[PDB]
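*Asks:* Can you keep this structure in mind? I'll have questions shortly.
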Protein chains: 2
Amino acid sequence: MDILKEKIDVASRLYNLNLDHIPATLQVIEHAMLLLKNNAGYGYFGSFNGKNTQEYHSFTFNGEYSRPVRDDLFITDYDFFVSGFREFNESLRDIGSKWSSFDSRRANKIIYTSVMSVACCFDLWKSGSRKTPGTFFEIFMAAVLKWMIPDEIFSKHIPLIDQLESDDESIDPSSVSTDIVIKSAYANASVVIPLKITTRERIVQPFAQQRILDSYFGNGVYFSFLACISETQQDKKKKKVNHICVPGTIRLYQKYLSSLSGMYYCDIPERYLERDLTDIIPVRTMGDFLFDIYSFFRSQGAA
Amino acid sequence: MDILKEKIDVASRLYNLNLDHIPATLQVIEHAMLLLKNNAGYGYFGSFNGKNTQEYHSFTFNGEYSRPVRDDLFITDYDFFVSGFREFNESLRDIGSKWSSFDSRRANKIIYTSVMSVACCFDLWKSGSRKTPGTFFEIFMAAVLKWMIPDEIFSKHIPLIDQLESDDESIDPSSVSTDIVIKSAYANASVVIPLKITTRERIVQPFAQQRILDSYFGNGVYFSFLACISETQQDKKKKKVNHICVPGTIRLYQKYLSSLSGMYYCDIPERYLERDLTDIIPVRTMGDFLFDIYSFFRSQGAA
């Protein structure tokens with residue numbers, strides 16, 4: 001409960017110190033999962049309604065509700081999740097040769113569960129920076145991306161990215177920038193992975209950053225892939241789920257501000273699945289994310 | 001108290017309907033001023049400390065405090081303010097011929113007082129959209145800019161600006177975009193005035209917008225001038241005032257994201273007065289703002 005924060009802080013500190021943080025981060029997953037399992041109620045909460053219906057569940061504790069959870073996506077069985085996680089782990093070693101839709105669906109479900117397990121724990125036991133789930137999301141992904149392409153350069157900091165993130169934190173201590181830079185060992189090209197659970201008004205931020213990097217380093221050096229969990233919004237009173245989408249804005253951004261290589265969600269909002277977006281920017285999955293990122297580095301750039 | 005909101009709503013509705021809103025907006029100033037005068041305590045609150053000291057005052061009511069107010073800037077005498085306002089009004093008619101430092105200082109002090117009088121009323125009597133002071137700031141400035149250059153085209157809406165503002169509001173109903181577009185009657189050029197009391201993380205927003213307009217309409221069609229009140233932040237516990245500045249970020253933004261014509265404050269943060277910013281972007285005053293904007297249109301563009 002308060003053991004969870006301590007446990008994150010351990011993994012968070014290892015990460016900043018730039019040490020092997022993966023064991024300590026798995027320990028956070030283990031503990032968040034067992035916490036919800038032994039203390040939290042779990043039921044149907046509300047639905048999103050558009051072209052289709054999407055049902056969402058919530059974890060409960062002493063009245064309080066967690067953010068909405070796609071039950072069809074969250075693995076609510078611990079032993080299931082444990083053996084799932086190991087196979088997910090081994091499939092990343094041979095993603096070059098095999099990456100079926102079953103490999104993608106489970107990578108997606110695993111990432112979702114891992115991040116959302118930590119997130120929901122904070123919604124119920126409200127202890128931490130309130131930006132800690134965002135922090136765990138970065139740490140976790142940094143963990144997985146390391147298992148997968150362990151030969152690419154992780155430990156580079158770029159001055160202008162550090163500038164934007166330092167200044168961001170100096171404004172709002174609760175809204176802090178988590179971006180991952182992976183540079184290719186073999187060519188002068190690298191990816192930049194802005195991580196956010198949900199985007200809200202910070203949707204311009206990856207676009208603006210891409211623009212800045214293009215006009216500072218030149219056009220084919222940095223490629224941005226955006227990783228998210230959802231765009232869900234809880235309406236706690238009416239027991240239903242919104243999807244906060246700005247399709248017009250993203251199109252303006254893609255066309256006239258800057259181009260990103262892709263947008264990725266565990267829980268893709270139904271609105272973002274349409275051609276008005278997908279024509280001009282890939283909107284894929286967190287399982288698709290891993291392959292796309294790997295593919296980029298196999299290609300040595302240019303994707 | 002609750003009469004103030006009703007009174008703003010009247011002026012706000014006239015404005016959106018695109019009618020003469022100036023009388024109804026002066027009535028809001030009249031009433032906010034008399035409210036603070038008859039009900040509010042007024043004392044020294046705290047200071048900012050850097051290269052120099054800057055003392056700030058606050059209005060009080062039933063324990064509650066208003067945001068910090070530069071006493072040297074706010075006109076706390078009603079009759080003073082009233083005769084001040086009229087002369088300010090007449091000087092805008094002949095700003096071409098005369099605009100001394102005394103004309104600029106009083107324009108600055110008048111704008112400051114008008115906007116901050118409404119703002120502090122909301123901090124004490126907490127009734128309204130919580131974005132209403134921002135709303136009044138736009139309305140007020142739109143009022144003054146109309147007295148000054150009454151021959152330029154105010155009533156144009158640009159699709160892509162409407163898109164960004166509509167989407168902004170759809171995300172956060174409390175954080176809404178207030179930008180003024182004035183198009184020159186005589187040449188294909190116009191200004192875009194993003195208004196914000198303080199900027200916070202929304203500092204990228206005018207830069208990104210400028211970029212988008214340059215890459216959609218071409219480079220010499222839109223020029224952005226940023227109008228603010230301060231960058232003050234209250235620390236209610238320690239009784240002192242911070243200045244939330246991001247000088248590195250604005251430089252990155254000016255150089256690599258987009259160029260704005262100027263940045264204007266009633267209460268310019270001391271940090272923004274340095275050459276590292278002022279070399280690459282004008283950082284002037286709200287009194288200087290009026291002349292600069294007028295100058296732009298006298299020039300018929302290009303400034």
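Ligands are numbered from 1 in the order shown, residues from 1 within each chain, and chains are lettered A, B, ... in the order they appear in the structure tokens.
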Neighbouring residues of residue 102 of chain B were defined as those with any atom within 12 Å, considering only C-alpha atoms; residues of the same chain fewer than 3 positions away were excluded. Please report them as a ChimeraX atom specification.
*Replies:* /B:84,87-88,91,98-99,105-110,287-288
*Asks:* Could you list the residues in chain A lying within 12 Å of chain B, using only C-alpha atoms, and format the result as a compact mmCIF listing (two decimals) with N, CA and C atoms, in the first residue's frame?
*Replies:*
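That gives us iface.txt:
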# COMPACT_ATOMS: atom_id res chain seq x y z
N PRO A 159 20.76 17.53 -24.92
CA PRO A 159 20.65 18.86 -24.31
C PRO A 159 19.27 19.51 -24.44
N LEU A 160 18.75 19.58 -25.65
CA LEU A 160 17.50 20.30 -25.88
C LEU A 160 16.26 19.56 -25.36
N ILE A 161 16.32 18.23 -25.34
CA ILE A 161 15.28 17.41 -24.71
C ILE A 161 15.34 17.55 -23.18
N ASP A 162 16.55 17.51 -22.61
CA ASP A 162 16.74 17.73 -21.16
C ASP A 162 16.25 19.11 -20.73
N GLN A 163 16.44 20.09 -21.61
CA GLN A 163 16.00 21.45 -21.36
C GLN A 163 14.48 21.54 -21.23
N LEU A 164 13.78 20.93 -22.18
CA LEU A 164 12.32 20.97 -22.22
C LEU A 164 11.69 20.22 -21.04
N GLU A 165 12.34 19.14 -20.61
CA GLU A 165 11.83 18.31 -19.53
C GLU A 165 12.11 18.94 -18.17
N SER A 166 13.27 19.59 -18.04
CA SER A 166 13.63 20.29 -16.82
C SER A 166 12.71 21.48 -16.59
N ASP A 167 12.44 22.22 -17.66
CA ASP A 167 11.56 23.39 -17.60
C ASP A 167 10.10 23.02 -17.34
N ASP A 168 9.69 21.89 -17.90
CA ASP A 168 8.35 21.34 -17.71
C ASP A 168 8.08 21.07 -16.23
N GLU A 169 8.98 20.30 -15.61
CA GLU A 169 8.94 19.98 -14.18
C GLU A 169 8.96 21.22 -13.28
N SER A 170 9.74 22.23 -13.68
CA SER A 170 9.84 23.50 -12.95
C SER A 170 8.53 24.30 -12.94
N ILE A 171 7.69 24.07 -13.94
CA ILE A 171 6.36 24.67 -13.98
C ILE A 171 5.42 23.86 -13.08
N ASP A 172 5.10 22.64 -13.51
CA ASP A 172 4.20 21.78 -12.76
C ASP A 172 4.91 20.50 -12.30
N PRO A 173 5.30 20.45 -11.00
CA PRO A 173 5.88 19.25 -10.36
C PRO A 173 5.03 17.97 -10.49
N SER A 174 3.75 18.10 -10.83
CA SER A 174 2.85 16.94 -11.01
C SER A 174 2.76 16.46 -12.46
N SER A 175 3.10 17.34 -13.40
CA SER A 175 3.14 16.99 -14.82
C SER A 175 4.58 17.06 -15.35
N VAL A 176 5.24 15.90 -15.40
CA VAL A 176 6.65 15.80 -15.79
C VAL A 176 6.87 14.97 -17.06
N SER A 177 7.82 15.41 -17.88
CA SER A 177 8.04 14.80 -19.18
C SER A 177 8.89 13.52 -19.13
N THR A 198 -2.51 8.98 -20.63
CA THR A 198 -3.44 9.66 -21.53
C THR A 198 -2.83 11.02 -21.87
N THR A 199 -3.20 11.60 -23.01
CA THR A 199 -2.47 12.76 -23.52
C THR A 199 -3.00 14.09 -23.02
N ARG A 200 -4.32 14.25 -23.07
CA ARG A 200 -5.00 15.50 -22.73
C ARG A 200 -4.49 16.67 -23.58
N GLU A 201 -4.16 17.79 -22.94
CA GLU A 201 -3.68 18.96 -23.67
C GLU A 201 -2.20 18.88 -24.04
N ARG A 202 -1.50 17.92 -23.45
CA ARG A 202 -0.07 17.71 -23.75
C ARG A 202 0.16 16.99 -25.08
N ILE A 203 -0.85 17.00 -25.95
CA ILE A 203 -0.77 16.33 -27.25
C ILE A 203 0.14 17.09 -28.22
N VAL A 204 0.20 18.42 -28.08
CA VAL A 204 1.07 19.25 -28.91
C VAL A 204 2.55 18.97 -28.63
N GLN A 205 2.85 18.57 -27.40
CA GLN A 205 4.22 18.46 -26.90
C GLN A 205 5.17 17.56 -27.75
N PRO A 206 4.73 16.34 -28.11
CA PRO A 206 5.56 15.52 -29.00
C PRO A 206 5.74 16.10 -30.40
N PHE A 207 4.72 16.80 -30.91
CA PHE A 207 4.78 17.39 -32.24
C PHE A 207 5.77 18.54 -32.24
N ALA A 208 5.60 19.48 -31.33
CA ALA A 208 6.51 20.61 -31.17
C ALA A 208 7.96 20.14 -31.02
N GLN A 209 8.17 19.12 -30.19
CA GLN A 209 9.51 18.58 -29.97
C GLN A 209 10.12 18.01 -31.26
N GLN A 210 9.30 17.32 -32.06
CA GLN A 210 9.74 16.74 -33.32
C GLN A 210 10.21 17.83 -34.28
N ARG A 211 9.38 18.86 -34.42
CA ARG A 211 9.70 20.06 -35.17
C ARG A 211 11.06 20.63 -34.76
N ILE A 212 11.24 20.84 -33.46
CA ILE A 212 12.46 21.43 -32.94
C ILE A 212 13.68 20.58 -33.29
N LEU A 213 13.57 19.27 -33.13
CA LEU A 213 14.68 18.36 -33.45
C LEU A 213 15.01 18.33 -34.95
N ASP A 214 13.99 18.46 -35.79
CA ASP A 214 14.18 18.52 -37.24
C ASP A 214 14.92 19.80 -37.63
N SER A 215 14.57 20.91 -36.99
CA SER A 215 15.16 22.18 -37.36
C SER A 215 16.47 22.47 -36.63
N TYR A 216 16.96 21.51 -35.85
CA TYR A 216 18.20 21.67 -35.09
C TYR A 216 19.24 20.66 -35.55
N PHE A 217 18.82 19.40 -35.70
CA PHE A 217 19.71 18.32 -36.12
C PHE A 217 19.58 17.94 -37.61
N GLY A 218 18.55 18.45 -38.28
CA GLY A 218 18.29 18.05 -39.65
C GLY A 218 17.18 17.02 -39.68
N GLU A 231 -7.26 6.92 -23.98
CA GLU A 231 -7.70 8.30 -23.95
C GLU A 231 -9.01 8.34 -23.19
N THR A 232 -9.20 7.36 -22.31
CA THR A 232 -10.41 7.26 -21.50
C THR A 232 -10.51 8.39 -20.49
N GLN A 233 -11.74 8.80 -20.23
CA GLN A 233 -12.01 9.71 -19.14
C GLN A 233 -13.18 9.18 -18.34
N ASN A 242 -15.80 8.30 -21.25
CA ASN A 242 -15.56 9.10 -22.45
C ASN A 242 -14.22 8.76 -23.06
N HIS A 243 -14.05 9.13 -24.32
CA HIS A 243 -12.79 9.02 -25.02
C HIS A 243 -12.48 10.44 -25.47
N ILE A 244 -11.45 11.05 -24.87
CA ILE A 244 -11.14 12.44 -25.16
C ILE A 244 -10.24 12.57 -26.39
N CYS A 245 -10.87 12.84 -27.53
CA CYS A 245 -10.17 12.87 -28.80
C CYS A 245 -10.23 14.22 -29.50
N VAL A 246 -9.15 14.53 -30.20
CA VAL A 246 -9.02 15.80 -30.87
C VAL A 246 -8.53 15.56 -32.32
N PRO A 247 -9.36 14.88 -33.14
CA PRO A 247 -8.90 14.41 -34.45
C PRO A 247 -8.49 15.54 -35.38
N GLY A 248 -9.21 16.66 -35.32
CA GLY A 248 -8.88 17.85 -36.10
C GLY A 248 -7.51 18.38 -35.74
N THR A 249 -7.24 18.45 -34.44
CA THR A 249 -5.98 18.98 -33.94
C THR A 249 -4.77 18.14 -34.37
N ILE A 250 -4.91 16.82 -34.32
CA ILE A 250 -3.82 15.92 -34.65
C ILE A 250 -3.51 15.99 -36.14
N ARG A 251 -4.54 16.19 -36.95
CA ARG A 251 -4.35 16.35 -38.38
C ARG A 251 -3.61 17.65 -38.70
N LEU A 252 -4.09 18.76 -38.14
CA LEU A 252 -3.35 20.02 -38.22
C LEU A 252 -1.91 19.82 -37.77
N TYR A 253 -1.72 19.11 -36.66
CA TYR A 253 -0.38 18.88 -36.16
C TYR A 253 0.48 18.04 -37.10
N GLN A 254 -0.05 16.91 -37.58
CA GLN A 254 0.66 16.06 -38.54
C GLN A 254 1.05 16.78 -39.82
N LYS A 255 0.12 17.58 -40.34
CA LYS A 255 0.31 18.20 -41.63
C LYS A 255 1.17 19.44 -41.53
N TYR A 256 0.84 20.35 -40.62
CA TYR A 256 1.44 21.67 -40.63
C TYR A 256 2.46 21.95 -39.52
N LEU A 257 2.44 21.16 -38.44
CA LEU A 257 3.41 21.36 -37.36
C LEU A 257 4.62 20.43 -37.48
N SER A 258 4.36 19.13 -37.59
CA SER A 258 5.42 18.14 -37.65
C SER A 258 4.85 16.75 -37.92
*Asks:* Out of segment 79-184 of chain A, which residues get alpha helix (DSSP H) from DSSP, as a tab-separated table (two decimals) with N, CA, C and O atoms, in the first residue's frame?
*Replies:*
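Saved result, part10.tsv, follows:
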chain	number	residue	atom	x	y	z
A	79	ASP	N	-1.50	-16.02	-11.71
A	79	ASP	CA	-0.69	-17.11	-12.28
A	79	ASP	C	-0.72	-17.09	-13.80
A	79	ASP	O	0.30	-17.38	-14.44
A	80	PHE	N	-1.88	-16.76	-14.36
A	80	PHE	CA	-2.05	-16.49	-15.79
A	80	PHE	C	-1.03	-15.45	-16.26
A	80	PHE	O	-0.28	-15.67	-17.22
A	81	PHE	N	-1.03	-14.32	-15.55
A	81	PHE	CA	-0.18	-13.19	-15.84
A	81	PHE	C	1.29	-13.54	-15.73
A	81	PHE	O	2.11	-13.07	-16.52
A	82	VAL	N	1.62	-14.39	-14.76
A	82	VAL	CA	3.01	-14.75	-14.49
A	82	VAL	C	3.58	-15.59	-15.61
A	82	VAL	O	4.68	-15.30	-16.10
A	83	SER	N	2.85	-16.61	-16.03
A	83	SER	CA	3.32	-17.44	-17.14
A	83	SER	C	3.19	-16.70	-18.48
A	83	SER	O	3.97	-16.94	-19.40
A	84	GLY	N	2.21	-15.78	-18.55
A	84	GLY	CA	2.07	-14.89	-19.70
A	84	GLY	C	3.31	-14.04	-19.86
A	84	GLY	O	3.91	-13.99	-20.95
A	85	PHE	N	3.71	-13.39	-18.77
A	85	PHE	CA	4.86	-12.49	-18.73
A	85	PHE	C	6.15	-13.16	-19.20
A	85	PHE	O	6.93	-12.56	-19.95
A	86	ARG	N	6.38	-14.40	-18.76
A	86	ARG	CA	7.59	-15.13	-19.15
A	86	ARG	C	7.67	-15.43	-20.65
A	86	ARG	O	8.74	-15.35	-21.25
A	87	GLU	N	6.53	-15.76	-21.24
A	87	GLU	CA	6.48	-16.09	-22.66
A	87	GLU	C	6.60	-14.82	-23.48
A	87	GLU	O	7.33	-14.78	-24.48
A	88	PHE	N	5.90	-13.77	-23.04
A	88	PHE	CA	6.09	-12.43	-23.60
A	88	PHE	C	7.58	-12.07	-23.61
A	88	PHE	O	8.10	-11.59	-24.61
A	89	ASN	N	8.25	-12.34	-22.49
A	89	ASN	CA	9.68	-12.07	-22.35
A	89	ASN	C	10.54	-12.83	-23.37
A	89	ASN	O	11.49	-12.26	-23.91
A	90	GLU	N	10.21	-14.09	-23.61
A	90	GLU	CA	10.97	-14.93	-24.55
A	90	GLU	C	10.68	-14.63	-26.01
A	90	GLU	O	11.54	-14.82	-26.87
A	91	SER	N	9.46	-14.16	-26.29
A	91	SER	CA	9.09	-13.81	-27.65
A	91	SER	C	9.81	-12.55	-28.14
A	91	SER	O	10.08	-12.42	-29.34
A	101	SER	N	-0.21	-12.19	-34.60
A	101	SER	CA	-1.21	-11.35	-33.97
A	101	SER	C	-1.41	-11.80	-32.53
A	101	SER	O	-1.89	-11.02	-31.69
A	102	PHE	N	-1.05	-13.04	-32.24
A	102	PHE	CA	-1.13	-13.56	-30.88
A	102	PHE	C	0.05	-13.10	-30.04
A	102	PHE	O	-0.06	-12.99	-28.82
A	103	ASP	N	1.18	-12.81	-30.70
A	103	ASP	CA	2.32	-12.23	-30.00
A	103	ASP	C	2.05	-10.76	-29.69
A	103	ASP	O	2.35	-10.29	-28.60
A	104	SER	N	1.46	-10.06	-30.65
A	104	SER	CA	1.10	-8.67	-30.47
A	104	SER	C	0.00	-8.48	-29.43
A	104	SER	O	0.14	-7.62	-28.58
A	105	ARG	N	-1.06	-9.28	-29.49
A	105	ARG	CA	-2.19	-9.15	-28.54
A	105	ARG	C	-1.77	-9.34	-27.09
A	105	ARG	O	-2.32	-8.71	-26.19
A	106	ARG	N	-0.82	-10.24	-26.86
A	106	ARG	CA	-0.40	-10.57	-25.51
A	106	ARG	C	0.63	-9.57	-24.99
A	106	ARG	O	0.63	-9.24	-23.80
A	107	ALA	N	1.50	-9.09	-25.87
A	107	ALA	CA	2.41	-7.99	-25.54
A	107	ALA	C	1.57	-6.79	-25.12
A	107	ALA	O	1.83	-6.16	-24.07
A	108	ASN	N	0.54	-6.50	-25.90
A	108	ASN	CA	-0.38	-5.43	-25.59
A	108	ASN	C	-1.04	-5.64	-24.24
A	108	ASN	O	-1.06	-4.74	-23.41
A	109	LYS	N	-1.57	-6.84	-24.02
A	109	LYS	CA	-2.28	-7.14	-22.79
A	109	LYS	C	-1.36	-7.13	-21.57
A	109	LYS	O	-1.78	-6.72	-20.47
A	110	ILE	N	-0.12	-7.57	-21.77
A	110	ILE	CA	0.88	-7.59	-20.70
A	110	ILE	C	1.25	-6.15	-20.33
A	110	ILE	O	1.15	-5.77	-19.16
A	111	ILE	N	1.65	-5.35	-21.32
A	111	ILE	CA	2.00	-3.97	-21.05
A	111	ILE	C	0.83	-3.28	-20.34
A	111	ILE	O	1.02	-2.65	-19.30
A	112	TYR	N	-0.38	-3.44	-20.88
A	112	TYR	CA	-1.58	-2.83	-20.31
A	112	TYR	C	-1.72	-3.18	-18.84
A	112	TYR	O	-1.84	-2.29	-17.99
A	113	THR	N	-1.69	-4.47	-18.54
A	113	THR	CA	-1.85	-4.97	-17.20
A	113	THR	C	-0.76	-4.44	-16.28
A	113	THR	O	-1.06	-3.99	-15.17
A	114	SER	N	0.49	-4.48	-16.73
A	114	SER	CA	1.61	-4.05	-15.90
A	114	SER	C	1.45	-2.60	-15.46
A	114	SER	O	1.47	-2.31	-14.26
A	115	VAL	N	1.28	-1.70	-16.43
A	115	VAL	CA	1.12	-0.26	-16.19
A	115	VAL	C	-0.18	0.06	-15.45
A	115	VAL	O	-0.18	0.88	-14.53
A	116	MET	N	-1.28	-0.58	-15.84
A	116	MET	CA	-2.58	-0.27	-15.27
A	116	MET	C	-2.75	-0.84	-13.88
A	116	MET	O	-3.58	-0.37	-13.12
A	117	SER	N	-1.96	-1.86	-13.56
A	117	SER	CA	-1.99	-2.43	-12.22
A	117	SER	C	-1.38	-1.45	-11.25
A	117	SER	O	-1.91	-1.24	-10.16
A	118	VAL	N	-0.27	-0.83	-11.65
A	118	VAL	CA	0.35	0.18	-10.81
A	118	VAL	C	-0.54	1.41	-10.72
A	118	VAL	O	-0.75	1.95	-9.64
A	119	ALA	N	-1.10	1.83	-11.85
A	119	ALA	CA	-1.94	3.02	-11.90
A	119	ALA	C	-3.16	2.92	-10.98
A	119	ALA	O	-3.41	3.82	-10.18
A	120	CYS	N	-3.91	1.82	-11.09
A	120	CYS	CA	-5.10	1.61	-10.27
A	120	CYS	C	-4.82	1.54	-8.77
A	120	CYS	O	-5.65	1.95	-7.96
A	121	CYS	N	-3.66	0.99	-8.41
A	121	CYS	CA	-3.20	0.99	-7.03
A	121	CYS	C	-3.12	2.40	-6.44
A	121	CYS	O	-3.55	2.63	-5.30
A	122	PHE	N	-2.59	3.34	-7.23
A	122	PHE	CA	-2.53	4.76	-6.86
A	122	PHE	C	-3.89	5.44	-6.78
A	122	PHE	O	-4.06	6.36	-5.99
A	123	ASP	N	-4.83	5.03	-7.61
A	123	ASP	CA	-6.16	5.62	-7.57
A	123	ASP	C	-6.89	5.22	-6.29
A	123	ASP	O	-7.69	5.98	-5.76
A	124	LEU	N	-6.59	4.02	-5.78
A	124	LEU	CA	-7.26	3.51	-4.60
A	124	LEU	C	-6.54	3.88	-3.31
A	124	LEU	O	-7.19	4.20	-2.32
A	125	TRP	N	-5.21	3.85	-3.32
A	125	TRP	CA	-4.46	4.09	-2.09
A	125	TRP	C	-3.68	5.40	-2.10
A	125	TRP	O	-2.91	5.69	-1.18
A	132	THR	N	3.55	9.34	-10.53
A	132	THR	CA	4.26	8.05	-10.44
A	132	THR	C	3.83	6.94	-11.42
A	132	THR	O	4.68	6.18	-11.87
A	133	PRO	N	2.51	6.82	-11.73
A	133	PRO	CA	2.14	5.88	-12.79
A	133	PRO	C	2.77	6.23	-14.14
A	133	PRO	O	3.21	5.34	-14.87
A	134	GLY	N	2.81	7.51	-14.47
A	134	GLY	CA	3.52	7.96	-15.65
A	134	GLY	C	4.97	7.55	-15.55
A	134	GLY	O	5.56	7.07	-16.53
A	135	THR	N	5.56	7.72	-14.36
A	135	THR	CA	6.95	7.36	-14.13
A	135	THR	C	7.17	5.86	-14.32
A	135	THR	O	8.17	5.44	-14.93
A	136	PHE	N	6.24	5.06	-13.80
A	136	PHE	CA	6.37	3.63	-13.96
A	136	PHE	C	6.24	3.21	-15.43
A	136	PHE	O	7.03	2.39	-15.92
A	137	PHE	N	5.28	3.80	-16.14
A	137	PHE	CA	5.13	3.56	-17.57
A	137	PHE	C	6.46	3.70	-18.32
A	137	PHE	O	6.86	2.79	-19.04
A	138	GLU	N	7.17	4.82	-18.14
A	138	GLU	CA	8.48	4.98	-18.77
A	138	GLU	C	9.47	3.88	-18.38
A	138	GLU	O	10.08	3.24	-19.24
A	139	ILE	N	9.63	3.68	-17.07
A	139	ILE	CA	10.55	2.69	-16.49
A	139	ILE	C	10.31	1.28	-17.05
A	139	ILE	O	11.26	0.57	-17.42
A	140	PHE	N	9.03	0.90	-17.08
A	140	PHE	CA	8.61	-0.38	-17.59
A	140	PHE	C	8.98	-0.55	-19.04
A	140	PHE	O	9.58	-1.56	-19.41
A	141	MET	N	8.61	0.43	-19.86
A	141	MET	CA	8.87	0.37	-21.28
A	141	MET	C	10.36	0.35	-21.54
A	141	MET	O	10.83	-0.37	-22.41
A	142	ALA	N	11.09	1.14	-20.77
A	142	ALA	CA	12.53	1.18	-20.87
A	142	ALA	C	13.06	-0.20	-20.53
A	142	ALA	O	14.03	-0.66	-21.14
A	143	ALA	N	12.43	-0.86	-19.56
A	143	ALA	CA	12.78	-2.23	-19.25
A	143	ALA	C	12.58	-3.14	-20.47
A	143	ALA	O	13.55	-3.75	-20.93
A	144	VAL	N	11.36	-3.19	-21.01
A	144	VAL	CA	11.07	-4.08	-22.15
A	144	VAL	C	11.91	-3.74	-23.39
A	144	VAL	O	12.48	-4.65	-24.01
A	145	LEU	N	12.00	-2.47	-23.75
A	145	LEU	CA	12.77	-2.11	-24.93
A	145	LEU	C	14.22	-2.57	-24.82
A	145	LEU	O	14.91	-2.71	-25.82
A	146	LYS	N	14.68	-2.81	-23.60
A	146	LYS	CA	16.05	-3.23	-23.37
A	146	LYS	C	16.22	-4.73	-23.58
A	146	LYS	O	17.27	-5.19	-24.00
A	147	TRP	N	15.18	-5.49	-23.27
A	147	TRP	CA	15.20	-6.92	-23.49
A	147	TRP	C	15.23	-7.19	-24.98
A	147	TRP	O	15.88	-8.13	-25.44
A	148	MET	N	14.52	-6.36	-25.73
A	148	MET	CA	14.27	-6.60	-27.14
A	148	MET	C	15.45	-6.25	-28.03
A	148	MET	O	15.99	-7.11	-28.71
A	159	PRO	N	20.76	17.53	-24.92
A	159	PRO	CA	20.65	18.86	-24.31
A	159	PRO	C	19.27	19.51	-24.44
A	159	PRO	O	18.70	19.94	-23.43
A	160	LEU	N	18.75	19.58	-25.65
A	160	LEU	CA	17.50	20.30	-25.88
A	160	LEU	C	16.26	19.56	-25.36
A	160	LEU	O	15.27	20.19	-24.98
A	161	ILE	N	16.32	18.23	-25.34
A	161	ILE	CA	15.28	17.41	-24.71
A	161	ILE	C	15.34	17.55	-23.18
A	161	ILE	O	14.30	17.68	-22.53
A	162	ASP	N	16.55	17.51	-22.61
A	162	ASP	CA	16.74	17.73	-21.16
A	162	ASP	C	16.25	19.11	-20.73
A	162	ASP	O	15.72	19.27	-19.64
A	163	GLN	N	16.44	20.09	-21.61
A	163	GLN	CA	16.00	21.45	-21.36
A	163	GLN	C	14.48	21.54	-21.23
A	163	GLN	O	13.96	22.13	-20.27
A	164	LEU	N	13.78	20.93	-22.18
A	164	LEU	CA	12.32	20.97	-22.22
A	164	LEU	C	11.69	20.22	-21.04
A	164	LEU	O	10.65	20.64	-20.53
A	165	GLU	N	12.34	19.14	-20.61
A	165	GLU	CA	11.83	18.31	-19.53
A	165	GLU	C	12.11	18.94	-18.17
A	165	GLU	O	11.29	18.84	-17.25
A	166	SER	N	13.27	19.59	-18.04
A	166	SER	CA	13.63	20.29	-16.82
A	166	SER	C	12.71	21.48	-16.59
A	166	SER	O	12.25	21.71	-15.47
A	167	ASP	N	12.44	22.22	-17.66
A	167	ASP	CA	11.56	23.39	-17.60
A	167	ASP	C	10.10	23.02	-17.34
A	167	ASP	O	9.38	23.74	-16.66
A	168	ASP	N	9.69	21.89	-17.90
A	168	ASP	CA	8.35	21.34	-17.71
A	168	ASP	C	8.08	21.07	-16.23
A	168	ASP	O	7.10	21.55	-15.67
A	169	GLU	N	8.98	20.30	-15.61
A	169	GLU	CA	8.94	19.98	-14.18
A	169	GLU	C	8.96	21.22	-13.28
A	169	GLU	O	8.28	21.26	-12.25
A	170	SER	N	9.74	22.23	-13.68
A	170	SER	CA	9.84	23.50	-12.95
A	170	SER	C	8.53	24.30	-12.94
A	170	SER	O	8.31	25.11	-12.05
A	171	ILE	N	7.69	24.07	-13.94
A	171	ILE	CA	6.36	24.67	-13.98
A	171	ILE	C	5.42	23.86	-13.08
A	171	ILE	O	5.02	24.33	-12.01
*Asks:* Between B:57, B:6, B:149, B:43, which has the minimum distance to residue 25 of chain B (counting only C-alpha atoms)?
*Replies:*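 Using only C-alpha atoms, the shortest distance to residue 25 of chain B belongs to B:6.
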*Asks:* By how many Å are atom CA of residue 12 of chain B and atom CA of residue 42 of chain B apart?
*Replies:*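 Those two atoms sit 28.5 Å apart.
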*Asks:* Residues near residue 197 of chain B, anyone? I mean within 7 Å using only C-alpha atoms, not counting same-chain ones fewer than 5 positions away, as a ChimeraX atom specification.
*Replies:* /B:134,228-230
*Asks:* Restricting the output to N, CA and C atoms, write the selected residues as a compact mmCIF listing (two decimals), in the first residue's frame.
*Replies:*
# COMPACT_ATOMS: atom_id res chain seq x y z
N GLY B 134 -9.54 35.15 -17.42
CA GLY B 134 -8.95 35.02 -18.74
C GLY B 134 -9.91 35.55 -19.78
N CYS B 228 0.35 39.19 -21.72
CA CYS B 228 0.15 38.59 -20.41
C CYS B 228 0.03 39.64 -19.31
N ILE B 229 -0.25 39.20 -18.09
CA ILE B 229 -0.29 40.09 -16.95
C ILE B 229 0.99 39.94 -16.13
N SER B 230 1.32 38.71 -15.78
CA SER B 230 2.52 38.43 -15.00
C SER B 230 3.00 37.02 -15.27
*Asks:* Give me, please, the distance in Å between atom CA of residue 62 of chain B and atom CA of residue 30 of chain B, quoted to one decimal.
*Replies:*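 Interatomic distance here is 22.6 Å.
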*Asks:* By how many Å are atom CA of residue 32 of chain A and atom CA of residue 154 of chain A apart?
*Replies:* 27.0 Å
*Asks:* With DSSP run on the backbone, what are the strand (DSSP E or B) residues within segment 45-198 of chain A? I'd like them as a VMD selection string.
*Replies:* chain A and resid 45 to 49 53 to 61 64 to 65 69 153 179 to 183 190 to 195
